[PDB]
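In what follows, a single structure is set out as structure tokens and then discussed.
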Amino acid sequence: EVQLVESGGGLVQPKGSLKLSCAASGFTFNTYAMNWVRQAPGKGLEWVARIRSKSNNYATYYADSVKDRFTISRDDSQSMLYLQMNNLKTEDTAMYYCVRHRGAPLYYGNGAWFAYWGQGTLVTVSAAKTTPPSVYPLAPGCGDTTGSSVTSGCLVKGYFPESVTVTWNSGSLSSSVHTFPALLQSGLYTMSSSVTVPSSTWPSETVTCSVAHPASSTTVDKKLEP
Amino acid sequence: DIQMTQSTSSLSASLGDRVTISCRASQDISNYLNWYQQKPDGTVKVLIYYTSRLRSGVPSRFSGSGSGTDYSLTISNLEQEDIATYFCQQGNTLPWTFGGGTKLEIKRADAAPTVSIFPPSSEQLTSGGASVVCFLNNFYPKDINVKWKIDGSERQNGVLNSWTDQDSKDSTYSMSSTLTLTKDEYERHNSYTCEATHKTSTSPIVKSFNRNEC
């Protein structure tokens with residue numbers, strides 16, 4: 001099935017530049033038009049740009065908001081889509097999605113629509129500098145118990161930009177995990193993550209959070225202890 | 001440009017309900033109107049295109065109607081997995097524009113939160129900071145109040161609260177409350193309590209620890 005995997009997202013200063021990539025697979029890339037669509041945090045979707053297939057001479061179209069600043073391009077041999085973004089502005093801060101256009105208009109209608117979407121790559125345009133998080137374990141204090149369950153966590157404090165990923169036991173404990181959306185407070189983000197397990201299996205068996213903050217090349221593990 | 005308006009930005013429905021989401025275009029778009037679902041985790045998929053055509057693989061409970069400037073997405077017999085934000089989009093003329101989104105909550109039976117409290121870590125204390133954290137997990141409805149009591153007095157400065165998305169499996173919410181103090185402020189007191197007030201109980205659900213016992 002169709003895979004569209006975006007990369008290249010990160011922190012950039014106002015007036016700076018950034019290039020996004022999207023690696024396509026599972027369909028004949030060279031027969032489809034491709035798009036970028038974006039989503040500012042907590043906001044709706046905005047179409048950014050389109051590039052047609054080789055058969056239509058790679059015609060390109062842009063939203064007025066990005067026209068002359070952004071360049072959409074493709075490398076058919078590598079099944080890659082690109083977005084070169086120049087003279088970036090604060091209001092370009094968004095999740096950027098790689099999107100495959102609808103197919104043959106004789107079957108799917110002339111009107112434009114967006115058949116497949118990647119998971120997105122986040123672009124943050126900000127004057128603020130990259131700051132890695134402090135990671136701290138959240139362990140119950142001694143001398144209290146409910147026989148059935150215990151809840152543990154990791155506190156991820158004072159980082160910029162978004163985002164971070166917390167995994168529990170290298171992804172092994174998925175079902176029981178809550179992620180608390182980050183909050184911005186005086187220029188820096190904080191979030192937390194919780195996991196709940198059988199009261200038997202911990203502390204007898206080990207529980208570890210792994211916190212990734214790609215923007216600052218940080219990966220921190222906190223093994224939780226009584 | 002063609003402006004797309006979804007005049008309802010959020011709604012709450014029960015399992016099995018009919019959900020109708022409307023979209024109005026600023027001018028005729030000749031039925032080139034499509035609908036998307038964005039799950040809480042950000043995943044987007046197309047549901048309906050060309051007003052009423054169902055995308056292969058999308059369940060038949062999704063249908064679309066309309067003409068001219070006025071369009072509707074209907075979800076018949078709403079299911080648990082339909083928690084999402086729904087967007088319309090015109091494909092008639094560039095730039096292709098989207099509606100503002102309609103967020104759909106699904107109701108469920110009222111549920112009391114499970115409360116957990118956590119003292120500051122050694123690591124943070126050493127650095128000179130003290131963050132006390134309370135989790136209220138798996139409750140419904142979303143509205144909830146958390147108070148921090150320090151040696152019995154309410155503390156509001158340094159508190160930050162964060163609600164999860166509605167849980168896609170069981171329709172509950174969770175929230176974190178974080179009280180951040182200086183190390184010196186932390187050591188000044190002994191009793192740290194988070195109290196949850198929620199429509200599911202006439203008295204608060206409470207968790208506490210004592211600093212000098214931890």
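Each chain of the structure tokens is named A, B, ... in the order shown, its residues numbered from 1; ligands are numbered from 1 in display order.
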
| field | Residues within 8 Å of range 213-219 of chain A, only C-alpha atoms, excluding chain neighbours under 3 positions, as an NGL selection string | value | :A and (10-11 or 130-133 or 161-165 or 210)

| At most 8 Å to chain A: residues in chain B, only C-alpha atoms, as JSON, numbers by chain | {"B": [32, 33, 34, 42, 43, 44, 45, 46, 49, 50, 89, 90, 91, 92, 94, 95, 96, 97, 98, 99, 100, 101, 116, 117, 118, 119, 120, 121, 123, 124, 133, 160, 162, 163, 164, 174, 175, 176, 209, 213, 214]}

| Leaving out residue 190 in chain B and any residue of its chain fewer than 3 positions from it, which residues lie within 10 Å of it when counting only C-alpha atoms, given as a PyMOL selection string? | chain B and resi 150-152+186-187+193+209-214

| request: Identify all residues of range 5-202 of chain A in helix (DSSP H, G or I) (DSSP on the backbone) and supply them as a PyMOL selection string. | output: chain A and resi 29-31+54-56+76-78+90-92+105-108+169-171+201-202

| query | CA of residue 17 in chain B and CA of residue 167 in chain B are how many Å apart? | reply |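 If I compute the distance from CA of residue 17 in chain B to CA of residue 167 in chain B, I get 18.8 Å.
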
| said: If we count only C-alpha atoms and set the cut-off at 12 Å, which residues sit around residue 1 in chain A, ignoring sequence neighbours fewer than 5 positions away in its own chain? Please answer as number ranges by chain. | reply: A: 24-28, 116

Write out the residues from the selection above, keeping C-alpha atoms, as a CSV table (one decimal), in the first residue's frame.
chain,number,residue,atom,x,y,z
A,24,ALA,CA,7.0,7.7,-1.9
A,25,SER,CA,6.4,4.1,-2.3
A,26,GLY,CA,3.8,1.5,-3.2
A,27,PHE,CA,2.4,3.2,-6.3
A,28,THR,CA,3.6,4.4,-9.6
A,116,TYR,CA,-3.1,9.7,0.3

| Would you give me, as number ranges by chain, the residues in chain B that DSSP reads as strand (DSSP E or B)? | B: 4-5, 10-13, 19-25, 33-38, 44-49, 53-54, 62-67, 70-75, 84-90, 98, 102-106, 111, 114-118, 129-140, 145-150, 153-155, 159-163, 173-182, 191-197, 205-210

| remark: Between CA of residue 15 in chain B and CA of residue 65 in chain B lies a distance of 22.1 Å

| query | If you count only C-alpha atoms, which residues fall within 8 Å of residue 12 in chain B, apart from same-chain ones fewer than 3 positions away, as a PyMOL selection string? | reply | chain B and resi 104-107

Go ahead and save the residues from that selection, with C-alpha atoms, as a PDB file, in the first residue's frame.
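That gives us again-v1.pdb:
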ATOM      1  CA  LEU B 104     -16.358  15.236  16.986  1.00  0.00           C
ATOM      2  CA  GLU B 105     -16.408  14.014  20.601  1.00  0.00           C
ATOM      3  CA  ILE B 106     -18.198  10.776  21.347  1.00  0.00           C
ATOM      4  CA  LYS B 107     -20.114  10.513  24.597  1.00  0.00           C
TER       5      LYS B 107
END

| task | For residue 76 in chain B, work out the shell of residues within 12 Å, counting only C-alpha atoms and skipping chain neighbours fewer than 6 positions away, then give it as a list in words. | result |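 These residues fall inside the cut-off: residues 13, 14, 15, 16, 17, 18, 19, 20, 21, 59, 60, 61, 62, 63, 64 and 82 of chain B.
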
| field | 7 Å contact set for residue 145 in chain B, only C-alpha atoms, chain neighbours under 3 positions out, as a list in words | value |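 Residues near the query, excluding close chain neighbours: residues 196, 197 and 198 of chain B.
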
Can you write out the residues you just picked, keeping N, CA and C atoms, as a PDB file, in the first residue's frame?
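Result file follows (selection.pdb):
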ATOM      1  N   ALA B 196      -9.041  16.107  43.215  1.00  0.00           N
ATOM      2  CA  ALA B 196      -9.809  16.186  41.958  1.00  0.00           C
ATOM      3  C   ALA B 196     -11.301  16.375  42.236  1.00  0.00           C
ATOM      4  N   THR B 197     -11.914  17.414  41.667  1.00  0.00           N
ATOM      5  CA  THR B 197     -13.368  17.591  41.789  1.00  0.00           C
ATOM      6  C   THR B 197     -14.028  17.408  40.427  1.00  0.00           C
ATOM      7  N   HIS B 198     -15.040  16.553  40.401  1.00  0.00           N
ATOM      8  CA  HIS B 198     -15.633  16.062  39.186  1.00  0.00           C
ATOM      9  C   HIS B 198     -17.096  15.730  39.436  1.00  0.00           C
TER      10      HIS B 198
END

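Separating CA of residue 71 in chain A from CA of residue 36 in chain A is a distance of 10.7 Å.
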